[PDB]
Amino acid sequence: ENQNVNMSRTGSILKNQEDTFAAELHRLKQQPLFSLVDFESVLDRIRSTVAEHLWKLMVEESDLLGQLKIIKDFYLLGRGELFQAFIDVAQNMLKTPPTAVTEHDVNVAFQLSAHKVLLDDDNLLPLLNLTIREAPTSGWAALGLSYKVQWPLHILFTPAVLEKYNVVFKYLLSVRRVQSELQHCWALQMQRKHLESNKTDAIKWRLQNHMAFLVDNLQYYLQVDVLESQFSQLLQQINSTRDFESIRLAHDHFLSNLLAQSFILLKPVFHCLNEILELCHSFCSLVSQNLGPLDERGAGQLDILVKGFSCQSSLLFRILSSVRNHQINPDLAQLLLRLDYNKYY
Amino acid sequence: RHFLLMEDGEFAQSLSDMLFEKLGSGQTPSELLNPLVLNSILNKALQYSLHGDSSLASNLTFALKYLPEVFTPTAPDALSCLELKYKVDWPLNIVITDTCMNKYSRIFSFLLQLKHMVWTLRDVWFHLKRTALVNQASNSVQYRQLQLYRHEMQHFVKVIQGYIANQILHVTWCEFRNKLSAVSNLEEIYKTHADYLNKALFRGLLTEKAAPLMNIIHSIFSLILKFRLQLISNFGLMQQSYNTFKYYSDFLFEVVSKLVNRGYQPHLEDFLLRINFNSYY
Amino acid sequence: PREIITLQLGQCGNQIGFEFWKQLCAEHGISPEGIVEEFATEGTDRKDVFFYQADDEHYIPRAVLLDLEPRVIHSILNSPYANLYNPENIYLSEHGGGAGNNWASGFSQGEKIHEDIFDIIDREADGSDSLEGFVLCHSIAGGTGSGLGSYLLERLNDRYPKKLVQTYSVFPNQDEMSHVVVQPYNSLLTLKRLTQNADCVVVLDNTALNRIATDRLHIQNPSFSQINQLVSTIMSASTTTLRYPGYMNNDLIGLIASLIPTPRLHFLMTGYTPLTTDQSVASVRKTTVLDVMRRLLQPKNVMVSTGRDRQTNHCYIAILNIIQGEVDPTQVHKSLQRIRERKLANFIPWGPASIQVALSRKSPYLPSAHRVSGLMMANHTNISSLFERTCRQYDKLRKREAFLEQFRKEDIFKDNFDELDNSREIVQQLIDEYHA
Amino acid sequence: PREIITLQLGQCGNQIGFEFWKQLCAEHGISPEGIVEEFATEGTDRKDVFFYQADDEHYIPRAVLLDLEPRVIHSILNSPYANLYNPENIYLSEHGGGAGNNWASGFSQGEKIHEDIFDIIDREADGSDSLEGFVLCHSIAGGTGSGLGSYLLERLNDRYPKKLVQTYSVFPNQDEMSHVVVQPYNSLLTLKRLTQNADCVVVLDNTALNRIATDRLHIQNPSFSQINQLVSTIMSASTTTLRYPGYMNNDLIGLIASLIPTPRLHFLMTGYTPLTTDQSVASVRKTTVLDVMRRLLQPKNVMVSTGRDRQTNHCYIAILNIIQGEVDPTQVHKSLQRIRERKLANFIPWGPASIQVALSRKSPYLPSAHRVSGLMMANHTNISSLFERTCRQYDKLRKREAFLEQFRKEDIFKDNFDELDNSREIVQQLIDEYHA
C-alpha cells in the first residue's frame, strides 16, 4: 500500500482475486457452526494464490537471480582476487589503533581497488560502503560491510541477518590475509641467496610445511564445501517452487548452515583456530627480518613458536577424540576428519 | 546554467572585462547615470560574445546595489556589488521563487570575486610581459626566487578554483534535468527546484553560511590586492607578503583538518588530496 | 576578442599547418568553399577565435605562410581546401624565394624584405581591437624555417610587447648526419631565441615520431605523409577550451599561465593516447574516464626522447590532463582521487604541485562523440637530457673543424658559438637547481 | 596486480610457448587480430593476468622470445597468430643470432649484449606496480637454451629479489648420443642453476613423451610437431586457478607454496589423462569425478622416467589433483573419501601428507564444458633416479676423455665439473634423508 497499488500480493487493484475471495466469504458466512477443517482448507486459498503472485512480481522488476548471487559474493567472498588487492592496500594503513576517520579512508581505498580491477559493472562498485570498533588494538578483525538493499528484496533481507552475513565476512577476510601473509613470508625464502644452510633454518622449516599446509587445507575444504552444495539446492529450489515463504525460510536454513559449519565449536575450536592464525602471524614477523635464520634473535624468537605450533596440532588432536567419541554433530565430524585424513594421510 | 552557473564561460570571461572596468573601489561615480551606463554594458557584453537571442535576454536583468567602498560615502563595487537578477514571468512561476533568486545573487557575487582574483593575478603577467619590461631574468635583485614564490602562489589559487568549479557544476547538472524529468513526478516544482538549488549551494562552499572558511577566502583575497599593488608599484616588502600567504595557506590547511568529521563534504577529500600531496614532498 | 594569428613558416611548418586548418572544417561542420550543414552554430557555440570573422559566413583563416621553397605551396592549390585560403593575404600566384639552404640566408633576407614582411601581416592585427598574441608555427629542421624564424622572434618582441608568444615548434631528426650536417648549428641558434626572445614553446621530437609511427600505426617505410597526422590532432586538441565553449583556462593565456614555473623553463611534454580506429567497436559499453589518465603519466604516449632511469631525481611541477567530449563528469573527481595513491609524478620538495584536469564538449560527429580522448601537457625536469644531447653533438662538431670556414663568409664576423653554449648551460643548471 | 612475464628462450622453448599463447585465444573467445565474440567477458571473468592489459581490447602477450637460431622465428610470422605479437617488444624484422651450437656461446653472449638484454624486457616490468614474478620458458636440450638461460638465473636473482621464480623446463632425450654428444655437459650446468639460483622447476621428460605419443596417439614416425600438444595444454591447465576465477591458490605463489617441502627439493611430477577425442561420445551419460583421480596416482599418465620397483622405500609428501570444468562438486569430497582406503601414495613417516584438490570453471566451449579434465602436480622422492641417470652418464663421459680439450678453450680456465657433481649428490642425499 506504501509504494504502488498495482504491486499488490493478492491482486486488488490489478487482478480479480477479490471476487473469488468474496464468494469464499459468502460461503464461510453461511455457516452457524465452526470446525477446523473448513476454516483451514480455505486458509490455503487466501494464502497460496497470494503467495505466488509476489513471486511473479519480484522476478521481473529486479532480475532476482542478479543481486542474490552478488550479495553472497560480497559476504562469502566469491570474487576472491577482487578483495585481496583491497586487503593488501588496507593492511598498510590500518597499522594504527582505529579512529573514526579510518572508516572513510578504507572505504575510498576499496573504491580505487575494485576500480583498477575493471569490474564488469561500474555501478556495482559504489553500492556498498565499509564500516569499522572504537580502538581495541587494531583495525583488522573489527571491520565490516554495509550493502544496503532496495525495494521489496529487503523483506528477504532483514537488518538482523546482514549482521549474520557480515560477522563471518570479517572472519573470511582474516583467513585471506593470514593465508596471503603466510604466502608472502614463504615468498622471502625461495632462493638460496636468502636461504641459510644452517640447522636453525631446518627447524624453522618443518613448521611452515605443517602450518602453511593448514590454512591452504582447513580454510579451503571448509569454505569451498560451504559454498558449492549449499548454493546448489537454492538454485534448484527457486527453479522448482512457486511459493514465497517456503523459498524464504529455505534460505534461512541456508544461512544457518553456513554459520554453523564455520563456527565449529563455541569456545575451544574458535579459540583453537584463532590461536593458529596468531601463531603463524609471528612466523611472518620472524621471517621478515634481513637474513632471518642466521640471527640469534631469529632462532630465539623461533623457540617459543616451535612450542606454540605443537600447542595447536595437539589441540587439534584433542578435538579429533571428541569427533570419534561422537554424540555432537555430523557436519562438524565430516569436515574435520576430511582435513584430518588430508592431514595424517 | 549559462548565465548564473557560468558553464558557457564567454559571459564570465566578459565579466572579467567588467572586472577590468572597476580596478579597485571606490573611485567610481555616484550619479544616477551610474546605473544607466552600467546596466547597458552588460547587455552589450552578450552580443560581444555572439551567443543567444533576445528571447532569454529579457530574463536577465542587472540591479546595481549601493554599498560604501570608500566606506563613508558610496561608490558601489562591481567585484562583489554587481548582481544579476533572473526574472519571474507569466507561465514560469512554479520554477522560480523569491528564495531561489536570493541565492542567485549569492552565487553570482561569489564567482565575481574569485574571477577578480584570477584575472588580476594574470594582469601581473601583463605587467612583466616580454619586450623587456621589469628586467633582470635572474639577477640583479631577485626575480629568480621572486617569480618562484609568485608562481607557486598562482599555482595554488588556479588549482583551488578549478576544483571548486568541478564540484559546483558537474554532478549538479547530472542530477538536475535528467532526474527531475524522468521521475514523471512533475507537480509543485519549486519544492524540488529549491532543493536542487540548496544542493547547488551545498556543493559550492556552503560554509553553513557562517563558518570561518569565508574569513580565509577574504584574507587570501586581502593579499592578492597586496600582491598586485607591489607589482604595479619594494622587494623586501614583497618577500614578507608571501610568507604571510604561506602562513595563511597553512592556516587554510589546518582549519580543513578541523572540519574533518568522516565520510562527508566531497570538497574535504579534495582538500585532503593536496594534504597527502603535501606529505610526500 | 581572442583572435590569434598563426605564423606558419618553413618547409615543415607550412605542411603541419595546412592540415591543421583542414582539420578545423571537419569539426566545425563547414566546407572550405560553402556552408552546407547547419551543425556549425547549434552544435558549435564559438567559431571566430582562430578563423577571421565572417563576411558571408565564410570563415577566413587568420594565417600567413612564407617559405623559400616553392614546392610546399605548389602542392596546395590543386587540393580543394586551398580556396578557403586567400590569394591576397599572403601571396598571389607564382610566389618564390631563395635558392636556397642556409641559416644565414633567411637571417639576412629578413631585413631586405623588411618593408613587405611588416606590411600585409599587420593588416590582420587591427581587425580585432584586442589581439591575443602570435604563435610561430615554424620549424627547427633545415635552414629555411630556422633562418627566417629567428628574425621575427626579435622584432615582434618590441613592436608588439603586450602580446602572448608561444610556439608549436617541431624538433629535427638525429638519426644519421649525411643529408644534412648543418643541424647542430641552425638548431641552437633558434633555441637561444626560443628562451629569452620567446616565452613558451611546445616541443615535438622527430625521433619520438617514428617510435609512435611503428607502435600502433604499422608502417614499413617511414614517409613524410605521416608527420601531419600526429601533429594536427594535438594542435586542435590544445584549443578545445578555446574553440569549443569552456569555462576555466578558455584562453591561450589561461593554459600557459598555469604551467610555466619561470622563464627559460617552458618546455612542455606532450602526450596523446587514442590513435587507433578499431578501438571504436568496444567503446559502446561505457568505457569510463577512470582508466584513461592512468596511462598518461606512464611513459608510453610521450613525444620526448628522454632517459628512463633519470626520473627518480627529477620531479614534476605542473601536469595537465585534458579530457574531451564524453567525460561522464560524475567520476572525473574519482579519476583524480587515484592520483595521490600511486604517486606516479614525483613532486617537488620545495613547493606544491598541481594535477589540473579540464573538459569541453567535442564536435557533433560520430568518431568524436563516442571515443574518449586524452591530451597531456606535462612539465618534467628531465628535459635537460635533450639539451645534453644537443650540446654534446654541438661541441663535438666544433673540434672536427666542421662549418667554421663554410659558415662565416656571410654576415658573421665574430664567434657567437659560445654565446649559445653558456645560455644553454644556464637553462640546464637552473633546472636542477629549481628543486632545492 | 598478478602480472607474470614469461621468458621464452631457446630452440624448443620458443615453440612450446608459441602454441601456449595460441591456446589462450581459443579459450578466451578472442581472435589474435580482433574481437568477434562477446564470450570474453560474460564467460571469462578475468583475462589480464598473463596478457598485457588492454588499450583497444587488444590483449597483448607479456612475452619475450630470444634465440640464436633464426629458424624458429621465421616459422612464426607467416602464421596468422603472429600479428597478436608485437614487432617492437622483442625484435623487429630480420633478427639473428650466433652461428652457433655451444653452451659457452650463450654464456659469453650474455655480457656483450648486457645493455640491450636488460633494456626492453624491463619496460614490461613497471607496467604493473605489483609484479608477480618470472617464469623462464626455456630448454635444457641443445646449447642455445641452456647456454643463455643460465645467465639470467643469476642476474635476475638480485635485481629482482622479491619475485617468484619457477620454470616449465623440458628435459632432453637420452636415447642415442650421435647427433648431440654435449648433452651431459650443458644439462648439469643448468641443473645447478635450477636449484640454488632458482626456487622451483617443472620437469618435462623427453623419453616419457614418446611413451605417451605412441600410447593413445598412434603415430609411426615420431616428429617434432607432436611435442607442442602435450605441453601447451598442461601449461594452460596450471593457470586455471589463476586465469579463470578461483578462490584458493588462485596465484602462482599460492600453488607452489603448498607443495615445496624445502629448497633444492622442488622437482614436481606432472600427470594429465584426457587426450583422446573419441571419448566425447560417451561423456554424455554423466561421467563422474569418482573415477578420474583413481588413475592419477596410478603410474600411467606420468611424464617422468622413474623406477617401477623403487616406490616402496620412497614416500609422497605433496600431491595436487586439479579438476576443471564440470566437477559435480557434491561428490568431490566423495572422491577424496576413497584415498585413505587404498593408500596408493606412500606417506612420510616423520610428518603429515596432503592431497589437495581444487576446481575452476573452464572456457565456454563445447569440448571444454563437457569432458572431465585432471591435472596432476605430484612430488615424489623417486626423482633421484633421473639424477642417478644423469650423473652416471656424466662421470662415465669424463673417463673417455670426451670434450675436455674441445670445451675449455673459451671462458673456462678451472675445472668446474666436480662443482656440479657434489651439488647434485647433495640433492640426492638430502632426498633420502628427508624421510627419517
# chains A, B, ... in the order shown; residues from 1 in each chain; ligands from 1
>>> closest_atom_pairs(of="chain A", to="chain B", cutoff="12 Å", atoms="only C-alpha atoms", output="tab-separated table")
residue	atom	partner	partner_atom	distance
A:99	CA	B:262	CA	10.1
A:100	CA	B:262	CA	6.8
A:101	CA	B:262	CA	5.2
A:102	CA	B:262	CA	8.3
A:103	CA	B:262	CA	7.5
A:104	CA	B:263	CA	5.0
A:105	CA	B:263	CA	8.4
A:106	CA	B:263	CA	10.6
A:107	CA	B:263	CA	8.8
A:108	CA	B:263	CA	9.4
A:129	CA	B:263	CA	10.0
A:130	CA	B:263	CA	10.7
A:131	CA	B:263	CA	10.7
>>> write_last_selection(atoms="N, CA, C and O atoms", output="PDB file, in the first residue's frame")
ATOM      1  N   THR A  99      40.652   4.905  14.401  1.00  0.00           N
ATOM      2  CA  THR A  99      39.975   6.161  14.677  1.00  0.00           C
ATOM      3  C   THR A  99      38.830   6.322  13.687  1.00  0.00           C
ATOM      4  O   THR A  99      38.704   5.561  12.722  1.00  0.00           O
ATOM      5  N   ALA A 100      37.986   7.323  13.938  1.00  0.00           N
ATOM      6  CA  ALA A 100      36.727   7.463  13.217  1.00  0.00           C
ATOM      7  C   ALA A 100      36.900   7.908  11.766  1.00  0.00           C
ATOM      8  O   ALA A 100      35.947   7.795  10.987  1.00  0.00           O
ATOM      9  N   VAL A 101      38.081   8.399  11.389  1.00  0.00           N
ATOM     10  CA  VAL A 101      38.311   8.810  10.006  1.00  0.00           C
ATOM     11  C   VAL A 101      38.757   7.623   9.152  1.00  0.00           C
ATOM     12  O   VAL A 101      38.609   7.654   7.921  1.00  0.00           O
ATOM     13  N   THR A 102      39.235   6.544   9.781  1.00  0.00           N
ATOM     14  CA  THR A 102      39.707   5.366   9.055  1.00  0.00           C
ATOM     15  C   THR A 102      38.567   4.619   8.366  1.00  0.00           C
ATOM     16  O   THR A 102      38.811   3.850   7.428  1.00  0.00           O
ATOM     17  N   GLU A 103      37.325   4.832   8.820  1.00  0.00           N
ATOM     18  CA  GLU A 103      36.162   4.301   8.111  1.00  0.00           C
ATOM     19  C   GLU A 103      36.089   4.851   6.695  1.00  0.00           C
ATOM     20  O   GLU A 103      35.942   4.091   5.737  1.00  0.00           O
ATOM     21  N   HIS A 104      36.248   6.167   6.540  1.00  0.00           N
ATOM     22  CA  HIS A 104      36.153   6.777   5.219  1.00  0.00           C
ATOM     23  C   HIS A 104      37.385   6.476   4.371  1.00  0.00           C
ATOM     24  O   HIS A 104      37.290   6.400   3.139  1.00  0.00           O
ATOM     25  N   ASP A 105      38.543   6.308   5.010  1.00  0.00           N
ATOM     26  CA  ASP A 105      39.792   6.103   4.274  1.00  0.00           C
ATOM     27  C   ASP A 105      39.871   4.693   3.696  1.00  0.00           C
ATOM     28  O   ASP A 105      40.316   4.510   2.556  1.00  0.00           O
ATOM     29  N   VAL A 106      39.444   3.687   4.467  1.00  0.00           N
ATOM     30  CA  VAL A 106      39.445   2.310   3.984  1.00  0.00           C
ATOM     31  C   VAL A 106      38.366   2.135   2.914  1.00  0.00           C
ATOM     32  O   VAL A 106      38.506   1.311   1.997  1.00  0.00           O
ATOM     33  N   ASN A 107      37.340   2.992   2.956  1.00  0.00           N
ATOM     34  CA  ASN A 107      36.225   2.961   2.018  1.00  0.00           C
ATOM     35  C   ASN A 107      36.675   3.361   0.620  1.00  0.00           C
ATOM     36  O   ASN A 107      36.436   2.638  -0.359  1.00  0.00           O
ATOM     37  N   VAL A 108      37.321   4.524   0.522  1.00  0.00           N
ATOM     38  CA  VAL A 108      37.811   5.057  -0.747  1.00  0.00           C
ATOM     39  C   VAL A 108      38.977   4.223  -1.264  1.00  0.00           C
ATOM     40  O   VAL A 108      39.270   4.227  -2.468  1.00  0.00           O
ATOM     41  N   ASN A 129      29.328   0.634   1.122  1.00  0.00           N
ATOM     42  CA  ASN A 129      30.486   1.214   1.772  1.00  0.00           C
ATOM     43  C   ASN A 129      30.984   0.203   2.803  1.00  0.00           C
ATOM     44  O   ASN A 129      30.410  -0.880   2.957  1.00  0.00           O
ATOM     45  N   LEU A 130      32.061   0.528   3.507  1.00  0.00           N
ATOM     46  CA  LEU A 130      32.569  -0.344   4.553  1.00  0.00           C
ATOM     47  C   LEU A 130      32.473   0.381   5.888  1.00  0.00           C
ATOM     48  O   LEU A 130      32.510   1.613   5.944  1.00  0.00           O
ATOM     49  N   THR A 131      32.322  -0.385   6.955  1.00  0.00           N
ATOM     50  CA  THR A 131      32.198   0.165   8.294  1.00  0.00           C
ATOM     51  C   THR A 131      33.204  -0.506   9.218  1.00  0.00           C
ATOM     52  O   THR A 131      33.553  -1.675   9.038  1.00  0.00           O
TER      53      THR A 131
END
>>> interface_residues(of="chain B", to="chain C", cutoff="9 Å", atoms="only C-alpha atoms", output="MDAnalysis selection string")
chainID B and resid 6:10 12:13 48:51 122 125:127 129:133 137 144 147:149 151:152 154:156 158:159 161:163 165:167 170:171 174 269:270 273:274 276:278 280:281
>>> write_last_selection(atoms="N, CA and C atoms", output="compact mmCIF listing (two decimals), in the first residue's frame")
# COMPACT_ATOMS: atom_id res chain seq x y z
N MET B 6 27.53 29.72 -15.12
CA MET B 6 28.68 30.04 -15.98
C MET B 6 29.40 28.79 -16.47
N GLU B 7 28.70 28.01 -17.29
CA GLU B 7 29.32 26.89 -17.97
C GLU B 7 29.48 27.13 -19.47
N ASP B 8 28.90 28.21 -19.98
CA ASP B 8 29.34 28.84 -21.22
C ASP B 8 30.12 30.07 -20.76
N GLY B 9 31.42 29.88 -20.53
CA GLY B 9 32.27 30.84 -19.84
C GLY B 9 32.58 32.12 -20.58
N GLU B 10 32.05 32.30 -21.80
CA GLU B 10 32.21 33.54 -22.54
C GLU B 10 31.55 34.73 -21.85
N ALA B 12 31.22 34.96 -18.41
CA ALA B 12 32.05 35.23 -17.25
C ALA B 12 33.46 35.67 -17.62
N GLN B 13 33.93 35.31 -18.82
CA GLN B 13 35.14 35.92 -19.35
C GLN B 13 34.90 37.39 -19.68
N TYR B 48 28.74 40.93 -27.52
CA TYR B 48 30.19 40.91 -27.68
C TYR B 48 30.74 39.49 -27.75
N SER B 49 30.02 38.51 -27.22
CA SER B 49 30.42 37.11 -27.29
C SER B 49 29.65 36.32 -28.34
N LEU B 50 28.63 36.92 -28.97
CA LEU B 50 27.85 36.35 -30.08
C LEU B 50 27.18 35.03 -29.69
N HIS B 51 26.25 35.11 -28.75
CA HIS B 51 25.55 33.93 -28.26
C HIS B 51 24.17 34.32 -27.78
N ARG B 122 46.62 37.35 -13.38
CA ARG B 122 47.19 37.32 -14.72
C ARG B 122 47.46 38.71 -15.28
N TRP B 125 51.17 39.25 -14.98
CA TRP B 125 51.90 38.68 -16.11
C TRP B 125 51.89 39.62 -17.31
N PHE B 126 50.87 40.47 -17.43
CA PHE B 126 50.89 41.53 -18.44
C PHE B 126 51.85 42.65 -18.06
N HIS B 127 52.10 42.86 -16.77
CA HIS B 127 52.99 43.94 -16.35
C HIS B 127 54.45 43.60 -16.66
N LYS B 129 55.39 41.52 -19.01
CA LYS B 129 55.36 40.85 -20.30
C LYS B 129 56.53 41.29 -21.18
N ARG B 130 56.89 40.44 -22.13
CA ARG B 130 58.21 40.49 -22.75
C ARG B 130 58.28 41.56 -23.83
N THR B 131 59.17 42.55 -23.63
CA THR B 131 59.93 43.28 -24.66
C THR B 131 61.45 43.45 -24.46
N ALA B 132 62.01 43.73 -23.25
CA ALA B 132 61.55 43.51 -21.87
C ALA B 132 61.25 44.75 -21.02
N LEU B 133 60.23 44.55 -20.19
CA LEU B 133 59.80 45.29 -19.01
C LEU B 133 60.76 44.96 -17.87
N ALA B 137 66.44 38.84 -15.62
CA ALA B 137 65.91 37.48 -15.75
C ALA B 137 66.23 36.56 -14.57
N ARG B 144 64.58 35.54 -9.67
CA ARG B 144 64.66 34.08 -9.72
C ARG B 144 63.81 33.44 -8.63
N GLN B 147 59.82 35.33 -8.67
CA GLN B 147 58.83 34.68 -9.51
C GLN B 147 58.64 33.21 -9.13
N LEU B 148 59.57 32.64 -8.36
CA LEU B 148 59.39 31.28 -7.85
C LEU B 148 58.29 31.22 -6.79
N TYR B 149 58.25 32.16 -5.84
CA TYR B 149 57.13 32.14 -4.91
C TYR B 149 55.86 32.74 -5.50
N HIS B 151 54.84 32.18 -8.65
CA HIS B 151 54.13 31.20 -9.46
C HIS B 151 53.60 30.05 -8.62
N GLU B 152 54.23 29.73 -7.47
CA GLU B 152 53.65 28.69 -6.63
C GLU B 152 52.48 29.24 -5.83
N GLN B 154 50.34 31.50 -7.58
CA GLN B 154 49.37 31.36 -8.67
C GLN B 154 49.17 29.91 -9.09
N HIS B 155 50.03 29.01 -8.62
CA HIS B 155 49.78 27.58 -8.67
C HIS B 155 48.54 27.24 -7.87
N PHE B 156 48.58 27.56 -6.58
CA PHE B 156 47.62 27.07 -5.60
C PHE B 156 46.24 27.67 -5.82
N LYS B 158 45.01 28.84 -8.80
CA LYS B 158 44.47 28.35 -10.07
C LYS B 158 44.02 26.90 -10.01
N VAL B 159 44.48 26.13 -9.02
CA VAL B 159 44.04 24.75 -8.88
C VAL B 159 42.95 24.61 -7.81
N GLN B 161 40.51 27.03 -7.55
CA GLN B 161 39.33 27.48 -8.29
C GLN B 161 38.86 26.45 -9.30
N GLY B 162 39.77 25.68 -9.88
CA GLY B 162 39.37 24.62 -10.78
C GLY B 162 38.69 23.47 -10.08
N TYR B 163 39.06 23.22 -8.82
CA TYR B 163 38.43 22.14 -8.07
C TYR B 163 37.10 22.58 -7.48
N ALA B 165 35.30 24.73 -9.08
CA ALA B 165 34.45 24.75 -10.26
C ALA B 165 33.93 23.37 -10.61
N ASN B 166 34.73 22.32 -10.38
CA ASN B 166 34.29 20.98 -10.75
C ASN B 166 33.26 20.41 -9.78
N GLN B 167 33.27 20.85 -8.52
CA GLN B 167 32.29 20.35 -7.56
C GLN B 167 30.98 21.12 -7.60
N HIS B 170 29.16 19.98 -12.07
CA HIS B 170 29.07 18.79 -12.91
C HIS B 170 28.01 17.81 -12.43
N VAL B 171 28.12 17.35 -11.17
CA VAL B 171 27.16 16.39 -10.63
C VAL B 171 25.79 17.05 -10.45
N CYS B 174 24.30 16.85 -13.65
CA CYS B 174 23.96 15.45 -13.89
C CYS B 174 22.75 15.02 -13.06
N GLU B 269 37.68 15.69 1.03
CA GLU B 269 38.61 14.74 0.44
C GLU B 269 39.48 15.43 -0.60
N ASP B 270 38.88 16.31 -1.41
CA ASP B 270 39.61 17.02 -2.44
C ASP B 270 40.61 18.00 -1.83
N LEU B 273 43.33 15.59 -0.74
CA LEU B 273 44.20 15.26 -1.87
C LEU B 273 45.53 15.99 -1.75
N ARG B 274 45.46 17.31 -1.64
CA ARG B 274 46.65 18.16 -1.56
C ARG B 274 47.42 17.95 -0.27
N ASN B 276 47.83 14.98 1.35
CA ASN B 276 48.68 13.84 1.06
C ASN B 276 49.65 14.11 -0.08
N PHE B 277 49.38 15.12 -0.91
CA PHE B 277 50.45 15.65 -1.77
C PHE B 277 51.49 16.38 -0.94
N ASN B 278 51.05 17.17 0.05
CA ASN B 278 51.97 17.91 0.92
C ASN B 278 52.81 17.01 1.80
N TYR B 280 54.08 13.82 0.81
CA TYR B 280 55.11 13.10 0.06
C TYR B 280 56.25 14.00 -0.39
N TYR B 281 56.09 15.31 -0.37
CA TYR B 281 57.22 16.17 -0.71
C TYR B 281 57.84 16.80 0.54
>>> select_by_dssp(residues="region 126-287 of chain A", states="alpha helix (DSSP H)", output="VMD selection string")
chain A and resid 161 to 185 199 to 215 218 to 238 245 to 261 268 to 279 281 to 287
>>> write_last_selection(atoms="C-alpha atoms", output="compact mmCIF listing (two decimals), in the first residue's frame")
# COMPACT_ATOMS: atom_id res chain seq x y z
CA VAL A 161 20.67 -11.09 9.11
CA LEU A 162 23.08 -8.80 7.26
CA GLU A 163 25.00 -8.71 10.54
CA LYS A 164 24.89 -12.52 10.36
CA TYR A 165 26.49 -12.32 6.90
CA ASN A 166 28.93 -9.57 7.94
CA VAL A 167 30.20 -11.39 11.04
CA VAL A 168 31.67 -14.27 9.02
CA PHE A 169 32.77 -11.77 6.32
CA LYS A 170 35.39 -10.27 8.64
CA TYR A 171 36.35 -13.86 9.55
CA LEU A 172 36.79 -14.98 5.93
CA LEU A 173 38.98 -12.00 5.00
CA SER A 174 41.04 -12.72 8.13
CA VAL A 175 41.93 -16.10 6.62
CA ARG A 176 42.58 -14.47 3.28
CA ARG A 177 45.09 -12.19 5.00
CA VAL A 178 46.84 -14.82 7.14
CA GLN A 179 46.86 -17.19 4.15
CA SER A 180 48.42 -14.47 1.99
CA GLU A 181 50.78 -13.39 4.79
CA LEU A 182 51.97 -17.00 5.07
CA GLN A 183 52.17 -16.84 1.26
CA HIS A 184 54.50 -13.81 1.44
CA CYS A 185 56.84 -14.80 4.28
CA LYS A 199 70.11 -26.38 11.02
CA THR A 200 68.33 -23.39 12.60
CA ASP A 201 66.71 -22.93 9.19
CA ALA A 202 65.75 -26.62 9.08
CA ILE A 203 63.87 -26.42 12.40
CA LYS A 204 62.19 -23.23 11.12
CA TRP A 205 61.19 -25.11 8.00
CA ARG A 206 59.32 -28.25 9.10
CA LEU A 207 56.89 -25.91 10.90
CA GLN A 208 55.67 -23.98 7.85
CA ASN A 209 55.25 -27.28 5.99
CA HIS A 210 52.91 -28.12 8.90
CA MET A 211 51.34 -24.65 9.31
CA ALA A 212 51.06 -23.21 5.79
CA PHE A 213 49.63 -26.59 4.79
CA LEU A 214 46.86 -25.97 7.34
CA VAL A 215 45.21 -22.78 6.07
CA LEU A 218 41.45 -26.12 6.68
CA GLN A 219 40.09 -22.87 5.25
CA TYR A 220 39.75 -24.41 1.78
CA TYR A 221 37.75 -27.59 2.47
CA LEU A 222 35.62 -25.55 4.84
CA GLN A 223 34.98 -22.61 2.54
CA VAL A 224 34.63 -24.33 -0.82
CA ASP A 225 32.33 -27.09 0.52
CA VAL A 226 30.31 -24.48 2.41
CA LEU A 227 29.63 -22.68 -0.86
CA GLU A 228 29.11 -25.36 -3.52
CA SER A 229 26.31 -27.72 -2.41
CA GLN A 230 24.64 -25.06 -0.32
CA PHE A 231 24.41 -22.86 -3.43
CA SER A 232 23.28 -26.00 -5.28
CA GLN A 233 19.94 -26.53 -3.53
CA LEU A 234 18.99 -22.83 -3.53
CA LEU A 235 19.19 -22.66 -7.33
CA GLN A 236 17.31 -25.97 -7.56
CA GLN A 237 14.56 -24.81 -5.17
CA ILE A 238 13.83 -21.44 -6.79
CA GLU A 245 7.85 -18.40 2.50
CA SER A 246 8.98 -21.93 1.60
CA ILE A 247 11.67 -20.39 -0.61
CA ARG A 248 12.31 -17.72 2.03
CA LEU A 249 12.89 -19.86 5.11
CA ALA A 250 14.88 -22.31 2.97
CA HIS A 251 17.41 -19.52 2.51
CA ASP A 252 17.14 -19.05 6.28
CA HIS A 253 18.17 -22.69 6.64
CA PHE A 254 20.87 -21.90 4.07
CA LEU A 255 22.47 -19.14 6.15
CA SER A 256 22.22 -21.04 9.45
CA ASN A 257 24.09 -23.97 7.89
CA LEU A 258 26.92 -21.70 6.70
CA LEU A 259 27.30 -20.06 10.12
CA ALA A 260 27.30 -23.48 11.83
CA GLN A 261 30.00 -25.17 9.74
CA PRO A 268 37.53 -24.23 22.17
CA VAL A 269 37.79 -24.66 18.38
CA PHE A 270 37.27 -20.96 17.62
CA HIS A 271 39.88 -20.25 20.30
CA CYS A 272 41.99 -23.05 18.82
CA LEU A 273 41.55 -21.61 15.33
CA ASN A 274 42.37 -18.01 16.20
CA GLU A 275 45.39 -19.29 18.15
CA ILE A 276 46.52 -20.95 14.91
CA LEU A 277 46.36 -17.71 12.93
CA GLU A 278 48.07 -15.73 15.68
CA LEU A 279 50.95 -18.19 15.99
CA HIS A 281 51.38 -14.46 12.19
CA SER A 282 54.54 -14.19 14.27
CA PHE A 283 56.10 -16.60 11.79
CA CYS A 284 55.57 -13.78 9.29
CA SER A 285 57.21 -11.18 11.56
CA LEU A 286 60.09 -13.54 12.40
CA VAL A 287 60.98 -14.35 8.77
>>> closest_atom_pairs(of="chain A", to="chain D", cutoff="6 Å", atoms="only C-alpha atoms", output="CSV")
residue,atom,partner,partner_atom,distance
A:80,CA,D:247,CA,5.0
A:190,CA,D:199,CA,5.2
A:191,CA,D:199,CA,5.2
A:192,CA,D:196,CA,4.9
A:229,CA,D:330,CA,5.9
A:342,CA,D:354,CA,5.0
A:343,CA,D:352,CA,5.5
A:344,CA,D:352,CA,5.1
A:345,CA,D:353,CA,5.2
>>> closest_residue(among="C:210, C:14, C:393, C:83", to="chain D", atoms="only C-alpha atoms")
C:210
>>> interface_residues(of="chain C", to="chain D", cutoff="8 Å", atoms="only C-alpha atoms", output="ChimeraX atom specification")
/C:215,276,278-279,282
>>> residues_around(residues="residue 82 (chain D)", least_positions_apart="5", cutoff="12 Å", atoms="only C-alpha atoms", output="MDAnalysis selection string")
chainID D and resid 18:19 21:22 31:33 60:61 73:77 87
>>> atom_distance(atom1="CA of residue 303 (chain D)", atom2="CA of residue 204 (chain D)")
6.3 Å
>>> atom_distance(atom1="CA of residue 172 (chain C)", atom2="CA of residue 141 (chain C)")
4.7 Å
